[PDB]
file start_16.txt (compact mmCIF, C-alpha atoms)
# COMPACT_ATOMS: atom_id res chain seq x y z
CA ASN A 25 -23.99 -27.18 11.63
CA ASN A 26 -21.57 -29.51 9.81
CA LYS A 27 -17.75 -29.20 9.71
CA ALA A 28 -17.25 -27.30 6.43
CA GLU A 29 -14.98 -28.86 3.81
CA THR A 30 -11.27 -28.08 3.36
CA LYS A 31 -8.86 -26.93 0.66
CA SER A 32 -5.11 -27.49 0.88
CA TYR A 33 -3.02 -24.35 0.31
CA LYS A 34 0.64 -23.94 -0.66
CA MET A 35 2.27 -21.07 1.16
CA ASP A 36 5.26 -18.85 0.37
CA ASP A 37 7.44 -21.49 2.07
CA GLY A 38 5.92 -24.74 3.33
CA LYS A 39 3.78 -26.07 0.56
CA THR A 40 0.95 -27.48 2.71
CA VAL A 41 -1.74 -25.97 4.99
CA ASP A 42 -5.44 -26.90 5.20
CA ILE A 43 -7.91 -24.01 5.34
CA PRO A 44 -11.67 -23.22 5.30
CA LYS A 45 -13.32 -23.20 1.87
CA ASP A 46 -15.43 -20.19 2.85
CA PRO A 47 -13.88 -18.77 6.03
CA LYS A 48 -16.44 -16.83 8.09
CA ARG A 49 -14.23 -15.63 10.95
CA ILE A 50 -10.84 -14.46 9.67
CA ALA A 51 -8.34 -12.74 11.93
CA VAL A 52 -5.50 -10.87 10.27
CA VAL A 53 -2.53 -9.69 12.27
CA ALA A 54 -1.06 -8.72 8.86
CA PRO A 55 -2.62 -5.38 7.84
CA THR A 56 -1.34 -5.64 4.27
CA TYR A 57 -4.03 -8.18 3.56
CA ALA A 58 -6.86 -6.59 5.60
CA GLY A 59 -8.35 -4.21 3.04
CA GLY A 60 -7.68 -6.72 0.28
CA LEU A 61 -9.89 -9.32 1.93
CA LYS A 62 -12.63 -6.90 2.94
CA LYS A 63 -12.99 -5.83 -0.71
CA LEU A 64 -13.55 -9.51 -1.41
CA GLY A 65 -16.36 -9.38 1.18
CA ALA A 66 -15.09 -12.23 3.36
CA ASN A 67 -15.73 -11.91 7.08
CA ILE A 68 -13.02 -10.32 9.17
CA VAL A 69 -13.29 -10.80 12.91
CA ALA A 70 -9.92 -9.42 13.91
CA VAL A 71 -7.56 -6.94 12.27
CA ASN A 72 -4.13 -5.61 13.22
CA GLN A 73 -4.47 -2.20 14.94
CA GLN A 74 -1.89 -0.62 12.61
CA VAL A 75 -4.65 -0.14 10.05
CA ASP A 76 -5.76 2.79 12.22
CA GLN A 77 -3.02 4.85 10.57
CA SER A 78 -4.74 4.75 7.23
CA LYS A 79 -7.49 7.38 7.13
CA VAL A 80 -9.00 4.96 4.59
CA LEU A 81 -8.68 1.74 6.54
CA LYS A 82 -9.34 3.34 9.91
CA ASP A 83 -12.79 4.04 8.57
CA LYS A 84 -13.16 0.62 6.82
CA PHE A 85 -12.51 -1.18 10.13
CA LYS A 86 -14.64 0.64 12.73
CA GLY A 87 -15.27 -1.15 15.97
CA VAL A 88 -13.60 -4.33 14.74
CA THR A 89 -11.60 -6.02 17.49
CA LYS A 90 -8.07 -4.68 17.03
CA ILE A 91 -5.05 -6.85 17.79
CA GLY A 92 -1.52 -5.84 18.67
CA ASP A 93 1.20 -7.91 17.08
CA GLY A 94 1.86 -11.15 18.92
CA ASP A 95 -1.24 -10.78 21.10
CA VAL A 96 -2.10 -14.49 20.79
CA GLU A 97 -4.07 -14.42 24.02
CA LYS A 98 -6.56 -11.79 22.83
CA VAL A 99 -7.05 -13.34 19.33
CA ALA A 100 -8.18 -16.81 20.34
CA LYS A 101 -11.03 -15.16 22.30
CA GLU A 102 -12.67 -14.58 18.91
CA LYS A 103 -12.18 -18.18 17.82
CA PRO A 104 -11.26 -17.51 14.17
CA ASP A 105 -11.74 -20.22 11.51
CA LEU A 106 -8.73 -18.75 9.67
CA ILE A 107 -5.74 -16.67 10.74
CA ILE A 108 -3.28 -14.62 8.63
CA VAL A 109 0.28 -13.73 9.65
CA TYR A 110 3.41 -12.37 8.01
CA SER A 111 6.16 -14.90 7.47
CA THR A 112 8.39 -12.69 9.60
CA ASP A 113 5.97 -13.22 12.50
CA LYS A 114 7.21 -14.30 15.93
CA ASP A 115 4.40 -16.60 17.09
CA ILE A 116 4.15 -18.47 13.77
CA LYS A 117 3.76 -21.81 15.57
CA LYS A 118 1.56 -20.65 18.50
CA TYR A 119 -1.01 -19.37 15.99
CA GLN A 120 -1.06 -22.66 14.10
CA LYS A 121 -2.43 -24.06 17.34
CA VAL A 122 -5.10 -21.38 17.79
CA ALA A 123 -6.49 -21.96 14.28
CA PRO A 124 -5.21 -22.93 10.85
CA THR A 125 -2.87 -20.15 9.73
CA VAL A 126 -1.14 -18.96 6.58
CA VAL A 127 2.25 -17.28 6.76
CA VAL A 128 2.63 -14.74 3.96
CA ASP A 129 6.06 -13.56 2.97
CA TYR A 130 5.45 -9.81 2.61
CA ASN A 131 8.31 -9.58 0.13
CA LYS A 132 6.88 -12.04 -2.37
CA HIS A 133 3.73 -9.97 -2.90
CA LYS A 134 3.24 -6.59 -4.66
CA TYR A 135 0.06 -4.74 -5.68
CA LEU A 136 -2.24 -6.62 -8.03
CA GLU A 137 -0.48 -9.95 -7.71
CA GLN A 138 -1.06 -9.84 -3.98
CA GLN A 139 -4.75 -9.18 -4.50
CA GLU A 140 -4.76 -12.29 -6.64
CA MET A 141 -2.72 -13.91 -3.84
CA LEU A 142 -5.56 -13.14 -1.44
CA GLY A 143 -7.99 -14.22 -4.17
CA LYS A 144 -6.39 -17.64 -4.19
CA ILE A 145 -7.21 -17.97 -0.49
CA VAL A 146 -10.92 -17.27 -0.16
CA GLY A 147 -11.62 -18.99 -3.48
CA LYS A 148 -13.04 -15.71 -4.85
CA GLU A 149 -10.44 -15.93 -7.65
CA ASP A 150 -12.73 -14.24 -10.16
CA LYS A 151 -13.96 -11.50 -7.81
CA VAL A 152 -10.41 -10.13 -8.10
CA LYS A 153 -9.83 -10.97 -11.81
CA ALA A 154 -12.98 -8.88 -12.42
CA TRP A 155 -11.94 -5.94 -10.20
CA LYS A 156 -8.41 -6.06 -11.46
CA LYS A 157 -9.65 -5.62 -15.01
CA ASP A 158 -11.75 -2.63 -13.86
CA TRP A 159 -8.83 -0.83 -12.18
CA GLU A 160 -6.46 -1.63 -15.05
CA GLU A 161 -8.98 0.13 -17.38
CA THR A 162 -9.77 3.20 -15.23
CA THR A 163 -6.45 4.33 -13.94
CA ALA A 164 -5.11 3.99 -17.44
CA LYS A 165 -7.76 6.31 -18.84
CA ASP A 166 -7.19 8.59 -15.88
CA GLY A 167 -3.54 8.69 -16.84
CA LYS A 168 -4.61 9.87 -20.29
CA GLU A 169 -6.46 12.77 -18.63
CA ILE A 170 -3.79 13.60 -16.03
CA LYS A 171 -1.23 13.30 -18.86
CA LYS A 172 -3.19 16.00 -20.80
CA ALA A 173 -3.34 18.17 -17.68
CA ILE A 174 0.30 18.28 -16.55
CA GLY A 175 2.20 17.35 -19.68
CA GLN A 176 2.60 14.17 -21.69
CA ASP A 177 6.18 13.83 -20.37
CA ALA A 178 5.84 15.47 -16.98
CA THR A 179 7.89 13.65 -14.38
CA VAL A 180 6.36 12.96 -10.98
CA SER A 181 8.60 12.43 -7.99
CA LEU A 182 7.59 10.93 -4.65
CA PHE A 183 9.11 12.39 -1.47
CA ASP A 184 9.05 11.89 2.29
CA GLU A 185 10.50 14.27 4.81
CA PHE A 186 11.56 12.43 7.94
CA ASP A 187 13.44 14.29 10.72
CA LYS A 188 14.64 17.30 8.67
CA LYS A 189 16.07 14.94 5.97
CA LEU A 190 14.52 14.33 2.50
CA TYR A 191 13.79 10.90 1.02
CA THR A 192 12.74 9.80 -2.43
CA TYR A 193 11.12 6.36 -3.02
CA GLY A 194 13.08 3.74 -4.91
CA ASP A 195 10.48 1.04 -5.71
CA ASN A 196 8.15 1.89 -8.59
CA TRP A 197 5.49 -0.23 -6.99
CA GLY A 198 4.81 1.18 -3.55
CA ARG A 199 3.78 4.10 -1.38
CA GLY A 200 1.89 5.61 -4.32
CA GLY A 201 4.19 4.55 -7.14
CA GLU A 202 1.96 1.64 -8.11
CA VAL A 203 -0.73 4.15 -8.97
CA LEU A 204 1.36 7.03 -10.23
CA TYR A 205 3.61 5.03 -12.49
CA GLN A 206 2.25 1.54 -12.91
CA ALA A 207 -1.46 2.49 -13.09
CA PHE A 208 -1.66 6.09 -14.38
CA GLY A 209 1.52 5.87 -16.45
CA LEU A 210 3.03 9.19 -15.42
CA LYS A 211 6.79 9.54 -16.17
CA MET A 212 9.54 9.01 -13.57
CA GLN A 213 12.43 11.29 -12.93
CA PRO A 214 15.29 9.63 -14.89
CA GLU A 215 17.63 9.61 -11.81
CA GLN A 216 14.95 8.48 -9.31
CA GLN A 217 14.08 5.78 -11.77
CA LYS A 218 17.66 4.59 -11.60
CA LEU A 219 17.40 4.00 -7.85
CA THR A 220 17.92 0.40 -6.82
CA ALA A 221 15.44 0.15 -3.94
CA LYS A 222 14.41 -2.71 -3.43
CA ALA A 223 15.60 -0.88 -0.31
CA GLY A 224 14.41 1.72 2.14
CA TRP A 225 13.70 4.78 0.02
CA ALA A 226 16.90 6.80 -0.03
CA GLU A 227 17.76 10.16 1.42
CA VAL A 228 18.30 12.93 -1.05
CA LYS A 229 21.24 15.19 -0.37
CA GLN A 230 20.84 19.00 -0.26
CA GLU A 231 22.51 19.31 -3.63
CA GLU A 232 21.40 16.25 -5.62
CA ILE A 233 17.80 17.33 -5.04
CA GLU A 234 17.19 19.06 -8.38
CA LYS A 235 18.49 15.82 -9.81
CA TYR A 236 15.75 13.77 -8.09
CA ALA A 237 12.80 16.16 -8.14
CA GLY A 238 10.12 15.73 -10.73
CA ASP A 239 8.11 18.22 -12.67
CA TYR A 240 5.55 17.59 -9.91
CA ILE A 241 6.05 16.19 -6.47
CA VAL A 242 3.72 14.11 -4.33
CA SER A 243 5.17 15.08 -1.02
CA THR A 244 4.40 13.55 2.28
CA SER A 245 5.86 14.43 5.65
CA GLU A 246 5.93 11.52 8.11
CA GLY A 247 8.96 13.04 9.75
CA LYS A 248 6.34 12.79 12.41
CA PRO A 249 8.31 14.66 15.02
CA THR A 250 7.65 17.43 12.42
CA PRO A 251 9.80 20.63 12.87
CA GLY A 252 7.74 22.82 10.53
CA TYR A 253 6.53 23.51 6.98
CA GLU A 254 8.92 21.42 4.79
CA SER A 255 11.56 24.13 5.35
CA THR A 256 13.18 25.55 2.24
CA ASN A 257 16.86 24.66 2.33
CA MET A 258 17.61 24.29 -1.36
CA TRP A 259 13.93 23.43 -1.89
CA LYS A 260 13.45 27.07 -2.98
CA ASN A 261 14.49 26.86 -6.66
CA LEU A 262 12.69 23.64 -7.67
CA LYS A 263 10.59 23.75 -10.80
CA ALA A 264 7.81 21.99 -8.95
CA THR A 265 7.93 24.52 -6.12
CA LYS A 266 8.30 27.55 -8.33
CA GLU A 267 5.23 26.42 -10.32
CA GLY A 268 3.16 25.10 -7.36
CA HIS A 269 3.46 21.50 -8.51
CA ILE A 270 3.92 19.92 -5.10
CA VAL A 271 0.91 17.99 -3.82
CA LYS A 272 0.60 16.77 -0.25
CA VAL A 273 -0.82 13.40 0.88
CA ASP A 274 -1.29 11.51 4.12
CA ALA A 275 1.76 9.34 4.76
CA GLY A 276 0.16 6.58 6.72
CA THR A 277 -2.53 6.14 4.14
CA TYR A 278 -0.15 5.66 1.33
CA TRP A 279 1.32 2.55 2.89
CA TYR A 280 -1.23 -0.05 2.03
CA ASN A 281 -1.66 -1.55 -1.44
CA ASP A 282 -5.15 -2.86 -0.73
CA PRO A 283 -8.03 -2.14 -3.15
CA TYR A 284 -9.56 0.34 -0.76
CA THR A 285 -6.42 2.44 -0.23
CA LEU A 286 -5.68 1.89 -3.91
CA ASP A 287 -9.02 3.20 -5.17
CA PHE A 288 -8.60 6.09 -2.75
CA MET A 289 -5.15 6.94 -4.08
CA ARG A 290 -6.55 6.96 -7.59
CA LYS A 291 -9.09 9.60 -6.58
CA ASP A 292 -6.67 11.49 -4.27
CA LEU A 293 -3.79 11.61 -6.78
CA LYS A 294 -5.79 12.39 -9.92
CA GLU A 295 -7.62 15.22 -8.25
CA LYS A 296 -4.58 16.79 -6.49
CA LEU A 297 -2.32 16.83 -9.54
CA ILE A 298 -4.75 18.28 -12.05
CA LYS A 299 -5.59 20.92 -9.49
CA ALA A 300 -1.89 21.38 -8.83
CA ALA A 301 -1.53 21.76 -12.58
CA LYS A 302 -3.27 25.15 -12.37
call {"tool": "encode", "arguments": {"input": "start_16.txt", "output": "structure tokens"}}
result
Amino acid sequence: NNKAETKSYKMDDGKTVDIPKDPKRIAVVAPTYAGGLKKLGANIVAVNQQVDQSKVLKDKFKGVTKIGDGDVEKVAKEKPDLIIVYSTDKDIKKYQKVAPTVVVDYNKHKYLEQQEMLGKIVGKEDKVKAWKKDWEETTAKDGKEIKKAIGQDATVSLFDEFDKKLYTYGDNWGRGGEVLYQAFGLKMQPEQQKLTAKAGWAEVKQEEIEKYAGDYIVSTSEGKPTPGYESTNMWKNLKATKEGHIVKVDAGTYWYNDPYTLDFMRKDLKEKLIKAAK
């Protein structure tokens, strides 16, 4: 063995950290980047346990040593050549001591750009550029098909029901949106589209609901205390309801923007809608 050569990396803040050229023992305490790196085929020794909430990533990370957040003690025991942490991480310095680490500012990285962002790290810059081009092509054609199925101008809304309250997503690039809107090209509800978030997806009031509901709805229910079957307050009259155009999806899966969860969402969404479209 010979100490493998380095590459200097500019981070989201400090513009200097030295990292492995081909890291062979990466520990991520930042689950956002987990699936992204695995698709790139790099070796992951340690992954944040939170990934066990994604029916997709739970399965992609079987048996892999799972870390809590801030569990610096337990991580070093795997002696990782490279460590990845969110910028908002507590032990940012303590990890720099365990191994060379990169702080990633979650908020400076969206869906495809952040897969490039990860691409820039393990030098597999073209493994992503390639895959990216593939996705860009497929989802788009899928859109064409789903657009035929449900209507060329059908609006699709995206709703969560937490603790008996309803919430619609603001950001057209997360929690499904990336695929629905930015990949497939399905139309947004004009009012939902107006939402500023950039902010925790906002509660919809009992009255302004027809205003925010799409022709179809991709409805999840992480109001995990869960009181029952979505209720039916004013939810009774909705075009989507009335026509059976609500489609359910696992909340915790639809968190992650990593190529695995992404490619899953493509399948999951496309299927569920066209089926929902009678």
call {"tool": "residues_around", "arguments": {"input": "start_16.txt", "residues": "residue 165 (chain A)", "least_positions_apart": "3", "cutoff": "12 Å", "atoms": "all atoms listed in the file", "output": "MDAnalysis selection string"}}
result
chainID A and resid 158:162 168:172 207:210 290 294
call {"tool": "closest_residue", "arguments": {"input": "start_16.txt", "among": "A:122, A:173, A:116, A:226", "to": "residue 194 (chain A)", "atoms": "only C-alpha atoms"}}
result
A:226
call {"tool": "residues_around", "arguments": {"input": "start_16.txt", "residues": "residue 66 (chain A)", "least_positions_apart": "5", "cutoff": "10 Å", "atoms": "all atoms listed in the file", "output": "CSV table (one decimal) with C-alpha atoms, keeping the file's coordinate frame"}}
result
chain,number,residue,atom,x,y,z
A,46,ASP,CA,-15.4,-20.2,2.8
A,47,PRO,CA,-13.9,-18.8,6.0
A,48,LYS,CA,-16.4,-16.8,8.1
A,49,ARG,CA,-14.2,-15.6,11.0
A,50,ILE,CA,-10.8,-14.5,9.7
A,60,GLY,CA,-7.7,-6.7,0.3
A,61,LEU,CA,-9.9,-9.3,1.9
A,146,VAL,CA,-10.9,-17.3,-0.2
A,148,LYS,CA,-13.0,-15.7,-4.8
call {"tool": "atom_distance", "arguments": {"input": "start_16.txt", "atom1": "CA of residue 178 (chain A)", "atom2": "CA of residue 295 (chain A)"}}
result
16.0 Å
call {"tool": "closest_residue", "arguments": {"input": "start_16.txt", "among": "A:237, A:123, A:221, A:141", "to": "residue 64 (chain A)", "atoms": "all atoms listed in the file"}}
result
A:141
call {"tool": "residues_around", "arguments": {"input": "start_16.txt", "residues": "residue 289 (chain A)", "least_positions_apart": "2", "cutoff": "10 Å", "atoms": "all atoms listed in the file", "output": "PyMOL selection string"}}
result
chain A and resi 80+199-200+202-204+273+277-278+281+283-287+291-295
call {"tool": "atom_distance", "arguments": {"input": "start_16.txt", "atom1": "CA of residue 180 (chain A)", "atom2": "CA of residue 272 (chain A)"}}
result
12.8 Å
call {"tool": "closest_residue", "arguments": {"input": "start_16.txt", "among": "A:110, A:280, A:119, A:57", "to": "residue 143 (chain A)", "atoms": "all atoms listed in the file"}}
result
A:57
call {"tool": "closest_residue", "arguments": {"input": "start_16.txt", "among": "A:62, A:266, A:229, A:218", "to": "residue 81 (chain A)", "atoms": "only C-alpha atoms"}}
result
A:62
call {"tool": "axis_aligned_box", "arguments": {"input": "start_16.txt", "around": "region 179-198 of chain A", "padding_each_side": "5 Å", "output": "JSON"}}
result
{"center_x": 10.4, "center_y": 8.5, "center_z": -1.8, "size_x": 21.3, "size_y": 27.5, "size_z": 35.1}
call {"tool": "atom_distance", "arguments": {"input": "start_16.txt", "atom1": "CA of residue 174 (chain A)", "atom2": "CA of residue 297 (chain A)"}}
result
7.6 Å
call {"tool": "residues_near_point", "arguments": {"input": "start_16.txt", "point": "(-0.1, -16.6, 4.5)", "cutoff": "6 Å", "atoms": "only C-alpha atoms", "output": "list in words"}}
result
residues 108, 109, 126, 127 and 128 of chain A
call {"tool": "closest_residue", "arguments": {"input": "start_16.txt", "among": "A:68, A:164, A:105, A:26", "to": "residue 88 (chain A)", "atoms": "all atoms listed in the file"}}
result
A:68
call {"tool": "closest_residue", "arguments": {"input": "start_16.txt", "among": "A:125, A:77, A:216, A:111", "to": "residue 32 (chain A)", "atoms": "all atoms listed in the file"}}
result
A:125
call {"tool": "residues_around", "arguments": {"input": "start_16.txt", "residues": "residue 190 (chain A)", "least_positions_apart": "4", "cutoff": "9 Å", "atoms": "only C-alpha atoms", "output": "compact mmCIF listing (two decimals) with C-alpha atoms, keeping the file's coordinate frame"}}
result
# COMPACT_ATOMS: atom_id res chain seq x y z
CA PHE A 183 9.11 12.39 -1.47
CA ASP A 184 9.05 11.89 2.29
CA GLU A 185 10.50 14.27 4.81
CA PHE A 186 11.56 12.43 7.94
CA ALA A 226 16.90 6.80 -0.03
CA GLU A 227 17.76 10.16 1.42
CA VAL A 228 18.30 12.93 -1.05
CA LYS A 229 21.24 15.19 -0.37
CA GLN A 230 20.84 19.00 -0.26
CA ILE A 233 17.80 17.33 -5.04
call {"tool": "residues_around", "arguments": {"input": "start_16.txt", "residues": "residue 240 (chain A)", "least_positions_apart": "4", "cutoff": "7 Å", "atoms": "all atoms listed in the file", "output": "list in words"}}
result
residues 179, 180, 181, 264, 269 and 270 of chain A
call {"tool": "build_atoms", "arguments": {"input": "start_16.txt", "residues": "region 45-56 of chain A", "atoms": "N, CA and C atoms", "output": "PDB file, in the coordinates of the input"}}
result
ATOM      1  N   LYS A  45     -12.934 -23.528   3.238  1.00  0.00           N
ATOM      2  CA  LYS A  45     -13.320 -23.200   1.870  1.00  0.00           C
ATOM      3  C   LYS A  45     -13.970 -21.817   1.837  1.00  0.00           C
ATOM      4  N   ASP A  46     -14.887 -21.541   2.759  1.00  0.00           N
ATOM      5  CA  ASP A  46     -15.430 -20.190   2.850  1.00  0.00           C
ATOM      6  C   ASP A  46     -15.309 -19.714   4.287  1.00  0.00           C
ATOM      7  N   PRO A  47     -14.116 -19.228   4.658  1.00  0.00           N
ATOM      8  CA  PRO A  47     -13.880 -18.770   6.030  1.00  0.00           C
ATOM      9  C   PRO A  47     -14.819 -17.636   6.444  1.00  0.00           C
ATOM     10  N   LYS A  48     -15.420 -17.767   7.628  1.00  0.00           N
ATOM     11  CA  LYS A  48     -16.440 -16.830   8.090  1.00  0.00           C
ATOM     12  C   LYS A  48     -15.982 -16.062   9.338  1.00  0.00           C
ATOM     13  N   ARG A  49     -14.809 -16.402   9.854  1.00  0.00           N
ATOM     14  CA  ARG A  49     -14.230 -15.630  10.950  1.00  0.00           C
ATOM     15  C   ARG A  49     -12.717 -15.488  10.784  1.00  0.00           C
ATOM     16  N   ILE A  50     -12.280 -14.602   9.891  1.00  0.00           N
ATOM     17  CA  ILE A  50     -10.840 -14.460   9.670  1.00  0.00           C
ATOM     18  C   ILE A  50     -10.254 -13.357  10.544  1.00  0.00           C
ATOM     19  N   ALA A  51      -9.132 -13.688  11.172  1.00  0.00           N
ATOM     20  CA  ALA A  51      -8.340 -12.740  11.930  1.00  0.00           C
ATOM     21  C   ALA A  51      -7.027 -12.506  11.207  1.00  0.00           C
ATOM     22  N   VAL A  52      -6.764 -11.249  10.878  1.00  0.00           N
ATOM     23  CA  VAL A  52      -5.500 -10.870  10.270  1.00  0.00           C
ATOM     24  C   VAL A  52      -4.670 -10.034  11.228  1.00  0.00           C
ATOM     25  N   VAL A  53      -3.450 -10.479  11.468  1.00  0.00           N
ATOM     26  CA  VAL A  53      -2.530  -9.690  12.270  1.00  0.00           C
ATOM     27  C   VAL A  53      -1.565  -9.019  11.272  1.00  0.00           C
ATOM     28  N   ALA A  54      -1.886  -9.173   9.983  1.00  0.00           N
ATOM     29  CA  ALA A  54      -1.060  -8.720   8.860  1.00  0.00           C
ATOM     30  C   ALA A  54      -1.800  -7.702   7.978  1.00  0.00           C
ATOM     31  N   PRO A  55      -1.703  -6.414   8.346  1.00  0.00           N
ATOM     32  CA  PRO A  55      -2.620  -5.380   7.840  1.00  0.00           C
ATOM     33  C   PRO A  55      -2.596  -5.214   6.330  1.00  0.00           C
ATOM     34  N   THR A  56      -1.508  -5.674   5.722  1.00  0.00           N
ATOM     35  CA  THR A  56      -1.340  -5.640   4.270  1.00  0.00           C
ATOM     36  C   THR A  56      -2.539  -6.282   3.590  1.00  0.00           C
TER      37      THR A  56
END
